[PDB]
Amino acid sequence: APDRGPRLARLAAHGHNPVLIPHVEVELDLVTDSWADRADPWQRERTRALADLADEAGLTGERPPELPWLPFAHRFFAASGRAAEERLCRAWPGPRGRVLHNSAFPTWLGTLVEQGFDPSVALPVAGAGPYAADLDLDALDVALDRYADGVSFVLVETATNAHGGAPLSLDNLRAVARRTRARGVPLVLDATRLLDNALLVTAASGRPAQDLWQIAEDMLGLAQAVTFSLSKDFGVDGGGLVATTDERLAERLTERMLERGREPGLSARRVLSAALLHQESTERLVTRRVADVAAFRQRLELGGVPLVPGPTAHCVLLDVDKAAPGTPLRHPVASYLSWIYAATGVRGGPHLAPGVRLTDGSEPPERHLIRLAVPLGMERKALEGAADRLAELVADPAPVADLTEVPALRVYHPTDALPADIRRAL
């Protein structure tokens, strides 16, 4: 990869943490699939296409359209997924107790605490196999019943990011919903990547990709409320959605919208409306992304890059402990992220622990994992080139530079070239 020198200067300007480099300066950004954090060239053409569709259908943008695949009478736009989470949590009518979740996205956890809920109980998952994100149904039973009458809702994120985008099966989600329904506990989905999960289920069942909508509607129908970040599956530059069957929750969501107004802006809402309605292009984009994740995975695995096994929706997890086996690094993920970026121009991000305790309250052993995420619209050829460079890097015998942290957005410095007294101090 050319231009190592400029990348080393970029690392130096950003505390040797490639996550802090501006997206537009990164050669191949795989830190996130969120279009809200990206400005790739294909995003402009997509906005133009959706704005044209909005004009042709006379979409107003006033409120979310009725959608054949979304079985909810009460639908609300938000500025982002995390704003949609805030709207739901603020509007929640019932008493505020625990929220049991399958290691939900970190934006949820702060919002839940701020709004008076207790998200300290994370639900464990299968952790291996074809549906590695399946909830452990016995542990779900234990938590629901431990905390009988003290659980506000169960929150399930499909294609769970904390579990590397592994899918949960429709059978598993129906089993979760039988348990919540039996107890009168609401089920809430974080459906940001539910279409990718629905596609993975169709594919594991030997079914055409176009069946994803049937499975998706089945999954959505199990929930009493859902939230979406729209910028992961729907090819839009930002935006969120809340939907519910619960009349009381809907009343409170509506009254808050009256106090504060609708978000995002009208032109953006017309584009979100077009995206939600135009199933053919959401289907196209999602199917290609999942397929290109699998192609990227295969190119990596056949090049000897060790990965957490799939299948997965939107990303692969590179296992640094296996990729750099004899290299004792003080901060393995941080050092390897900087090393990958310097050598290849590919930017990944750190993958945090799911935060699920063992039987005895202990923490599971530490994992050193890098997430490489694939946005809708990315070219397979770019990913195959990236996999080839990553495989060359893993095959290279040079030692990885051992970064020291200044006591995902931490700052580091190399210790190699400093005096012995200073380096020992640091």
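Start at 1 and count along the sequence shown; that's the residue number.
**Student:** Can you tell me how many deposited residues have no coordinates between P407 and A408? The categories are none, 1 to 3, 4 to 9, and 10 or more.
**Tutor:** Going from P407 to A408, the model skips 4 to 9 residues of the deposited sequence.
**Student:** Between 24-32 and 49-57, name whichever shows the higher mean Cα B factor according to the PDB entry.
**Tutor:** Higher mean C-alpha B-factor in the PDB entry: 49-57.
**Student:** Between 351-359 and 148-156, which has the larger average Cα B-factor in the PDB entry?
**Tutor:** Mean B over CA atoms: larger for 351-359.
**Student:** Compare the CA B factors listed in the entry for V316, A84, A343, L329 and report the winner.
**Tutor:** Going by the entry's C-alpha B-factors, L329 comes out highest.
**Student:** By the CA temperature factor listed in this entry, which of these ranks top: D171, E247, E280, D141?
**Tutor:** Out of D171, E247, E280, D141, the record gives the largest C-alpha B-factor to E247.
**Student:** Against its chain's modelled residues, does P41's Cα B factor rank lowest, middle or highest third?
**Tutor:** Highest third.
**Student:** Looking at the C-alpha B-factor of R63, is it in the lowest, middle or highest third of its chain?
**Tutor:** According to the entry, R63 has a C-alpha B-factor in the chain's highest third.
**Student:** Check where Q214 lands among this chain's C-alpha B-factors and tell me if it's the lowest, middle or highest third.
**Tutor:** Answer is middle: the recorded C-alpha B-factor places it there.
**Student:** When the modelled residues of the chain are sorted by Cα temperature factor, does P124 land in the lowest, middle or highest third?
**Tutor:** Tercile = middle for this residue's CA B-factor.
**Student:** Report the third (lowest, middle or highest) to which the CA temperature factor of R367 belongs, ranking only the modelled residues of the same chain.
**Tutor:** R367: CA B-factor falls in the highest third of its chain.
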